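Visitor: Sharing a structure, written as structure tokens. Questions coming.
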Amino acid sequence: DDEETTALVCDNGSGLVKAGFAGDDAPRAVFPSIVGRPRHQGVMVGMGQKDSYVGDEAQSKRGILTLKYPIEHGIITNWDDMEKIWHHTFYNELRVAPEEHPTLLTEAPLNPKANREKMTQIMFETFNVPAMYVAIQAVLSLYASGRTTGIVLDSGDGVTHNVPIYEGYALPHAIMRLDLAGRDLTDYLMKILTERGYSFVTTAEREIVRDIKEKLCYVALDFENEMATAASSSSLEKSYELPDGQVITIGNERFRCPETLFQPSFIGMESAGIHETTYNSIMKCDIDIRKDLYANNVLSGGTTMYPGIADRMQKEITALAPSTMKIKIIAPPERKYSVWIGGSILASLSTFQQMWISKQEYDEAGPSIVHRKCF
Amino acid sequence: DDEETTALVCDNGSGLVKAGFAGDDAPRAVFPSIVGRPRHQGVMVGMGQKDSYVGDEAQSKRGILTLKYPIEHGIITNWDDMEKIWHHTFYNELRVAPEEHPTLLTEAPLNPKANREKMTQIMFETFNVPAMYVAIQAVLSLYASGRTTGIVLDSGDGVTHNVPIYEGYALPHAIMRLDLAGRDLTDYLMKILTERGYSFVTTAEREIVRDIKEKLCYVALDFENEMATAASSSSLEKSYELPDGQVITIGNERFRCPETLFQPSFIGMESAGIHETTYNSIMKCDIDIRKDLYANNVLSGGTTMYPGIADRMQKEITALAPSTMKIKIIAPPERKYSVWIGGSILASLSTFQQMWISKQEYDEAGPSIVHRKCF
Amino acid sequence: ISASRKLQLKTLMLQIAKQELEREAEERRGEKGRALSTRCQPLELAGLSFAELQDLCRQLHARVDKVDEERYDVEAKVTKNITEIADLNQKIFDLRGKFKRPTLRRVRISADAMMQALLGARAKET
Amino acid sequence: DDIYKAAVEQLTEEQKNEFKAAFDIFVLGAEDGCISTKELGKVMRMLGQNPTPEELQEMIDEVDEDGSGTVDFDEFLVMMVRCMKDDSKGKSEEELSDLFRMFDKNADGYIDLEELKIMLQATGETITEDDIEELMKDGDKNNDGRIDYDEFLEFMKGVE
Amino acid sequence: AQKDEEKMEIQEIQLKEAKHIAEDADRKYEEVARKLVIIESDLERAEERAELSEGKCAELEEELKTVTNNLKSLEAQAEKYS
Amino acid sequence: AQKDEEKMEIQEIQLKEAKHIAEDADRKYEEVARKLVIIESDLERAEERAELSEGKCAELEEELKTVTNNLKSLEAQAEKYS
Amino acid sequence: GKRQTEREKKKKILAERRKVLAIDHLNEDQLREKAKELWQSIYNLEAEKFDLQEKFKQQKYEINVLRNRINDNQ
Ligand SMILES: Nc1ncnc2c1ncn2[C@@H]1O[C@H](COP(=O)(O)OP(=O)(O)O)[C@@H](O)[C@H]1O
Ligand SMILES: Nc1ncnc2c1ncn2[C@@H]1O[C@H](COP(=O)(O)OP(=O)(O)O)[C@@H](O)[C@H]1O
Ligand SMILES: [Ca+2]
Ligand SMILES: [Ca+2]
Ligand SMILES: [Ca+2]
Ligand SMILES: [Mg+2]
Ligand SMILES: [Mg+2]
């Protein structure tokens, strides 16, 4: 590289911040988005103890911290912590001053306006970027698949949203946003582990339960048969070693944790599972583009990485859909970073180079410029 | 040396007072903390007989004195005698007036407040020091090892306490203080020696029993095998010459005296040994710092100098702990003075130079200043 | 080479470095004074009509405004840089600190005192 | 350790003869006609100092290079001047940090041997390229061909 | 004779000190030897674990290659059927 | 005088015995300590090797599991396609 | 908000520096005095700016050293 100017494709997310320069294949730095103040007193003098460890540093000292995510469900609830996370991302994980780089944030659909306006105001006043643009997290995941149609189910860690798109024309009346995501699955797993004796309570042990969920849980192809099998044999019980020994054995908690996605009544949510909100999102579309959406169903986001979900979802939709249509579920192996790869592709386009919100435009219309033509 | 001002690192302890200027390797003057008034009548006139011999002088005239320690279990029970000991330490063993030197006392964890407040009031009113600071006896022993984590078992002569520390953040809810220490082992040895015919009763002969304990006793790697071996062969019987002749032969009393540490039921104490209170102190800590505490177990204090204790303790903890963790026991050769070396290091730090309790601060808030921010 | 020569070279290089540092610092000070004096020129407008005087007053007001804005922005940037520097310094100290505690020894008594103590009566000069 | 060699190196044969007479005074009648680390420990105990044997090992190993456990004439002088540590406090670390910052005129984070040459020419002492090569071998721990700042501290550690 | 007695007392004190020092050094030596025994045993166990894990890793590599080939074959079959 | 001479002679004999025993203990301790340090280095190398091998084995197991799941899915789909 | 807090704080400091130019009613000598005072203030600010520049260059080199040592801490 050299002259010229590259764009910063940041992607706030909720659970893992993924960032990197535009035009690559994978994000340069991926690290949890947690800011944890120490909670004990501290007796050693001169140890160089800081007041807040952010990012991946607080996943190593988590034994004496109180980690707290600054993004609850897509929306940002603690602006100071989010500013700290952004500052860390720019200066220590990429080491590029923001004064010389455009930024491309990402935002979930149907989010509060004030969140987006505050985001752009921060990026323009504190970090003082040249130009920033905010994009919907599902269109990027559709970019990365190399398609131009299809209905994308982006089940992140904060919020699961399902944006249908045809021929490049998004259908704003058919977006079905559901707030069940990876975090609720972690909490439900932590709640059903107590049925064997293992109690995880501290906010640090939520990370251990998350690791258990990632490494062991899988989505059952048929729920009742698995419940019957796990209750008779013992071929499912997989063991796992805690960060201090005392291995634990997970029985039928393995496929009961991610089953909450298809039956949100487990955690008390009323709505229908991710297998039926996709069909409802399709049926709201026009009658002539339903075949294409059926054939190009796209999966993205981290939580769709459970082993065996691309078959359960296809079976469910085939049960719901008319018998003639072909149901195909696109599940690329690079699912987790699909949104960021799409973001890189979009930022690398020449046609897109004039859509950025230039700073002089913000100076003339204020932060409310984001809702205007420069979307 | 010259200009400038050096700090006095005193360390009251219970059994041996260790003192010296900050910045050296070893304490300048180490002497027992006993004050013994004469008990007989005295007929020679003009012999220059004093009314109380303190320190190492009363270990040479102990034949006609009644030695009595002024510190029972960490706490101080006889304030006049303790003041006398401090006065001797400052004026005759170091020969530096306290009006021109900061002091750094040490105190066991979980001690009564009134003891600490009276200590600071004495140091500020009677000796009139410029500034004094009180530190927990285990953090210093952790300083001396050059670590910053680890769980330190400081088995002194008065009280055995077990303070776990991680990354410089002490865990106040996991301190396990047990009142079995070297003095109780001396009394138990003096009590089991009577099974062969040797009766030591006088408070002067307690010193002889202490010398026997120091020179002969050792900790058995396996207790039952040693009890069986000592009851068949005679390869263990080591003899020792009293201060007047009449050598004595110690049989299986050798490893039965220090075994009380791992089975406090011998002296009627209910609690568990020093091998199990360390494991309990670890298990109270968080689940993510248990590996580091397992790997950095530190020994300190005088009573941990028994030949063969660093192996017995490791065997016991390895039996208790999960099989995967590595158990390592740090036993530096300079164990006895570890607390004082750490105190010297702490007093020599530049970052610590503003933590002293300055005299004007005491004048404004009274002796209760010690519990405040200046801990 | 002999260790005495090496120590002499060490102290000589230290002195040379100190001399160069002081010389360059003084050079920087003199050049800074010259350049800054070049930047802002002294004025001479005594006895003029008060209209031009107040015009100059407003002009200098605005110039100070611009200069202060720039200087305060630079100061804020420098302070942020120093903050990052301190944070990185502490982080690096944490990463590879531990047993790097400096030590001092005083048990090494004066050699003449030790020889006198080992000798006794027959030690007067040696 | 070589620091004591440098310090004694300024002295002349008078100190050698003085220590010869001192050896006559102290080591007369010895079966070995020398001194060892165990011998030094025993004498110190008799003299009234009670150090740890680990320190005995630390001192003798720093001085016993040939494995004889003894003190060579030059090494005996170095040890006798080593017992008293006159050069304390090793100046100021921050001052040396600023000096080394001044050192990298190239401002590359590395030390160029050309600066070494200029500095030595400033010193003007009798030096060949071999002297500078030996000095670099002494200092350049990572063999980077420069003077690393940490290596700079080490080669100036305790150096007044 | 009295002066010779005093010298005898001095030699006795020296004997005491020498015996004490010899005992202490012997203690240090034997303790270090036993610790070396334990350390050698631990090192042996670590060698065994590392070698076994290396063998396991090689076998897993072979299984990976075979199952990868099977996956490629069934991919071709799937495309044909499509 | 006879008593004193006897005690002096026994003192000298015992003193020399003590000195030589102390020296032999020192030599043995030195040898054992050096061999102990060497064995410690060997143990550290064995431990790091074991860590490497276990990390590699974990990665291989994960890869094998993923490939096996993909194989099972493709097999079921091929049968249904026939 | 904290970003708004800082932005308003900078603006408030800026206004704080903004002394009231109320001098027309004064006389020629006093006007000269005020002008020279402002000239001296500018001189001081320039010196501060140059010091900031030199310290920033030193900061840059120090951060370079930090990155190098970080590389050394692999
Ligand atoms: N391999 C995996 N298997 C199962 N769940 C995973 C896996 N990787 C990540 N997850 C879940 O997905 C979440 C990360 O989702 P991510 O896509 O990073 O969210 P975001 O959209 O905020 O970036 C984690 O919290 C975790 O619960
Ligand atoms: N070499 C030794 N072997 C066995 N026990 C010892 C040894 N040295 C000291 N002790 C015991 O330790 C006690 C001294 O402990 P110390 O650490 O001085 O206590 P404090 O913490 O009050 O300073 C003595 O009473 C003695 O019983
Ligand atoms: Ca030698
Ligand atoms: Ca250079
Ligand atoms: Ca180097
Ligand atoms: Mg996402
Ligand atoms: Mg103590």
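Residue numbers (PDB author numbering), protein chains in the order written: chain B, 1 to 375; chain A, 1 to 375; chain D, 42 to 167; chain C, 2 to 161; chain G, 134 to 215; chain F, 134 to 215; chain E, 196 to 269.
We put the beta carbon where it would ideally sit given N, CA and C, even for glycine.
Taking a Cβ distance cut-off of 7 Å, strictly less, list which residues of the region 198-213 of chain G are near chain F, in chain order.
Guide: Per Cβ criterion, the list reads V200, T201, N203, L204, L207, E208, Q210 and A211.
Visitor: Name all residues in chain order for which at least one heavy atom of ligand 4 lies closer than 6 Å to the residue's CB.
Guide: That gives C:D105, C:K106, C:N107, C:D109, C:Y111, C:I112, C:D113 and C:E116.
Visitor: Among residues of its own chain, excluding the 5 on either side of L189 of chain A, which ones have a beta-carbon nearer than 8 Å to its beta-carbon?
Guide: Taking the second sequence and counting its residues from 1, the one referred to as residue 189 of chain A is at position 189. Excluding residues within five positions, the ones whose Cβ falls inside 8 Å are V209, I212, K213, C217, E253 and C257.
Visitor: Cβ-heavy atom distance between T277 of chain A and ligand 6 below 8 Å?
Guide: Taking the first residue of the second sequence as position 1, residue 277 of chain A is located at position 277. No - ligand 6 has no heavy atom lying nearer than 8 Å to the Cβ of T277 of chain A.
Visitor: Label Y362 of chain A either buried or exposed according to how many other C-beta atoms from any shown protein chain fall within 10 Å of its C-beta, with 16 as the threshold for buried.
Guide: Residue mapping note: residue 362 of chain A aligns to position 362 of the second sequence, counting from 1. It counts as buried.
Visitor: What first and last residue would you give for the alpha helix (DSSP H) that runs through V165 of chain G?
Guide: Taking the fifth sequence and counting its residues from 1, one reaches residue 165 of chain G at position 32. Here the alpha helix (DSSP H) through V165 of chain G covers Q135 to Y214.
Visitor: Give me the subset of the region 234-252 of chain E whose CB atoms are less than 9 Å from a CB atom of chain D, sorted by chain position.
Guide: Cβ contacts with chain D come from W234, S236, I237, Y238, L240, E241, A242, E243, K244, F245, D246, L247, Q248, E249, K250 and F251.
Visitor: What do you reckon, are the CB atoms on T351 of chain A and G46 of chain B nearer than 9 Å?
Guide: Taking the first residue of the second sequence as 1, we reach residue 351 of chain A at position 351. Taking the first residue of the first sequence as 1, we reach residue 46 of chain B at position 46. Cβ atoms of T351 of chain A and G46 of chain B: closer than 9 Å.
Visitor: Grouping DSSP H, G and I as helix and E and B as strand, with all else coil, what is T77 of chain B?
Guide: Translated into positions along the first sequence, residue 77 of chain B becomes position 77. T77 of chain B: coil per DSSP, three-state reduction.
Visitor: So, does the CB of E125 of chain D fall closer than 9 Å to a CB anywhere in chain B?
Guide: What you label residue 125 of chain D is simply residue 84 of the third sequence in a count that begins at 1. Yes - at least one Cβ of chain B is within 9 Å of the one on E125 of chain D.
Visitor: Answer with buried or exposed for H40 of chain A, where buried requires no fewer than 16 other C-beta atoms within 10 angstroms of its C-beta.
Guide: Counting from 1 along the second sequence, the entry for residue 40 of chain A is found at position 40. The residue in question, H40 of chain A, is exposed, as its Cβ has fewer than 16 Cβ neighbours within 10 Å.
Visitor: May I ask which residues mark the beginning and end of the beta strand (DSSP E) holding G245 of chain A?
Guide: In the second sequence, residue 245 of chain A corresponds to position 245, counting from 1. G245 to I250 is the extent of the beta strand (DSSP E) around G245 of chain A.
Visitor: Should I146 of chain F be labelled buried (16 or more other beta-carbon atoms within 10 Å of its own) or exposed?
Guide: Along the sixth sequence, one-based indexing puts residue 146 of chain F at 13. With fewer than 16 Cβ atoms within 10 Å of its Cβ, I146 of chain F is classed as exposed.
Visitor: Do you know offhand how far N115 of chain A's Cα is from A174 of chain A's?
Guide: Here residue 115 of chain A refers to the residue found at position 115 of the second sequence. Here residue 174 of chain A refers to the residue found at position 174 of the second sequence. Near 22 Å, if we compare the C-alpha coordinates of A174 of chain A and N115 of chain A.
Visitor: Taking beta-carbon pairs under 9 Å, can you tell me which members of the region 109-138 of chain D lie near chain A?
Guide: Listed by position along the chain: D135 and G138.
Visitor: Within the 9 Å Cβ cut-off, does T202 of chain B reach chain A?
Guide: Counted from its first residue, the first sequence places residue 202 of chain B at position 202. It does: the Cβ of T202 of chain B has a partner Cβ on chain A nearer than 9 Å.
Visitor: Tell me the rounded alpha-carbon separation between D113 of chain C and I128 of chain C.
Guide: As a first step, residue 113 of chain C is located in the fourth sequence; it is residue number 112 there, counting from the start. As a first step, residue 128 of chain C is located in the fourth sequence; it is residue number 127 there, counting from the start. Between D113 of chain C and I128 of chain C, the C-alpha separation is close to 18 Å.
Visitor: Got a sec, what are the start and stop residues for the alpha helix (DSSP H) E76 of chain C sits in?
Guide: Taking the first residue of the fourth sequence as position 1, residue 76 of chain C is located at position 75. Taken as a continuous stretch (DSSP letters only), the alpha helix (DSSP H) holding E76 of chain C covers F74 to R83.
Visitor: Which residues of chain B have a Cβ atom closer than 9 Å to the Cβ of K326 of chain A, listed in chain order?
Guide: By 1-based counting over the second sequence, the position of residue 326 of chain A is 326. Those do not exist, as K326 of chain A stays about 11 Å from chain B at its closest Cβ, beyond 9 Å.
Visitor: With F153 of chain C and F101 of chain C assumed to form a contact (beta carbons below 8 Å), what rounded beta-carbon distance in angstroms separates them?
Guide: Against the fourth sequence, residue 153 of chain C aligns to sequence position 152. Against the fourth sequence, residue 101 of chain C aligns to sequence position 100. That pair is a contact at about 5 Å.
Visitor: Assuming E180 of chain G and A158 of chain F make a contact with CB atoms under 8 Å, what is their CB distance in whole Å?
Guide: Mapped onto the fifth sequence, residue 180 of chain G falls at position 47. Mapped onto the sixth sequence, residue 158 of chain F falls at position 25. About 32 Å separates the two Cβ atoms, so there is no contact after all.
Visitor: With 9 Å set as the bound, which would you pick, yes or no: does the beta-carbon of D311 of chain B sit closer than that to a beta-carbon of chain F?
Guide: Counting from 1 along the first sequence, the entry for residue 311 of chain B is found at position 311. Chain F contact via Cβ: present.
Visitor: With 9 Å as the threshold, decide whether the Cβ of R198 of chain E is near any Cβ in chain C.
Guide: Position 3 of the seventh sequence, counted from the first residue, corresponds to residue 198 of chain E. No, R198 of chain E does not count as interfacial toward chain C.
Visitor: List, in order along the chain, the chain E residues whose C-beta lies closer than 7 Å to that of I122 of chain B?
Guide: Position 122 of the first sequence, counted from the first residue, corresponds to residue 122 of chain B. Near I122 of chain B (Cβ distances below 7 Å), the residues of chain E are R198.
Visitor: Apart from the five residues just before and just after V64 of chain C, which ones in its own chain have a Cβ nearer than 8 Å to its Cβ?
Guide: Here residue 64 of chain C refers to the residue found at position 63 of the fourth sequence. If we look at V64 of chain C and ignore the five residues flanking it on each side, its Cβ neighbours are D2, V72, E76, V79, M80 and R83.
Visitor: Evaluate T5 of chain B with the Cβ neighbour count: other Cβ atoms within 10 Å of its Cβ, from every protein chain shown; 16 or more gives buried, anything less gives exposed.
Guide: Position 5 of the first sequence, counting from 1, holds the residue named residue 5 of chain B. By the 10 Å Cβ count, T5 of chain B comes out exposed.
Visitor: I'd like to know if the region 148-168 of chain A and the region 265-283 of chain A are in contact, where contact means that at least 3 CB-CB pairs between them fall below 8 Å.
Guide: Yes, the region 148-168 of chain A is in contact with the region 265-283 of chain A.
Visitor: Taking 9 Å as the threshold (beta carbon to beta carbon), is residue 319 of chain E in contact with chain C?
Guide: There is simply no residue 319 of chain E to check, as chain E begins at 196 and stops at 269 in what is shown.
Visitor: Which stretch, first to last residue, makes up the alpha helix (DSSP H) that contains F124 of chain A?
Guide: If you number the second sequence from 1, residue 124 of chain A lands on position 124. First-last of the alpha helix (DSSP H) with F124 of chain A: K113 to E125.
Visitor: Are the beta-carbon atoms of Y133 of chain A and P102 of chain A separated by less than 9 Å?
Guide: Position 133 of the second sequence, counted from the first residue, corresponds to residue 133 of chain A. Position 102 of the second sequence, counted from the first residue, corresponds to residue 102 of chain A. Yes, Cβ-Cβ distance for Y133 of chain A and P102 of chain A is below 9 Å.
Visitor: Which residue comes first and which comes last in the beta strand (DSSP E) that contains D33 of chain C?
Guide: Counting from one through the fourth sequence, the residue named residue 33 of chain C turns up at place 32. Note, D33 of chain C: premise wrong, no beta strand (DSSP E); not H, not E.
Visitor: Under 8 Å by Cβ, that's how I've got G301 of chain A and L140 of chain A pegged, so tell me the actual separation to the nearest angstrom.
Guide: In the second sequence, counting from the first residue as 1, residue 301 of chain A sits at position 301. In the second sequence, counting from the first residue as 1, residue 140 of chain A sits at position 140. With a Cβ gap of about 11 Å, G301 of chain A and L140 of chain A do not count as contacting.
Visitor: Runs of 3 residues minimum, wholly inside the region 145-171 of chain A: which ones carry the beta strand (DSSP E) assignment?
Guide: With a minimum length of 3 residues, the continuous beta strand (DSSP E) runs that stay inside the region 145-171 of chain A are 150-155 and 160-166.
Visitor: Pairs of beta-carbons, one from the region 284-296 of chain B and one from the region 195-209 of chain B, closer than 8 Å: are there three or more?
Guide: With a cut-off of 8 Å, the region 195-209 of chain B and the region 284-296 of chain B do not count as touching, because too few Cβ pairs lie within range.
Visitor: Alpha carbon to alpha carbon, how far is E270 of chain A from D244 of chain A? Give it in angstroms, no decimals.
Guide: The residue labelled residue 244 of chain A in the question sits at position 244 within the second sequence. The residue labelled residue 270 of chain A in the question sits at position 270 within the second sequence. When rounded, the distance between both Cα atoms is 39 Å.
Visitor: Between the alpha carbons of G158 of chain A and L242 of chain B, how many angstroms are there, rounded?
Guide: As a working mapping, residue 158 of chain A is identified with position 158 in the second sequence. As a working mapping, residue 242 of chain B is identified with position 242 in the first sequence. If I take the Cα positions, the gap works out to 38 Å.
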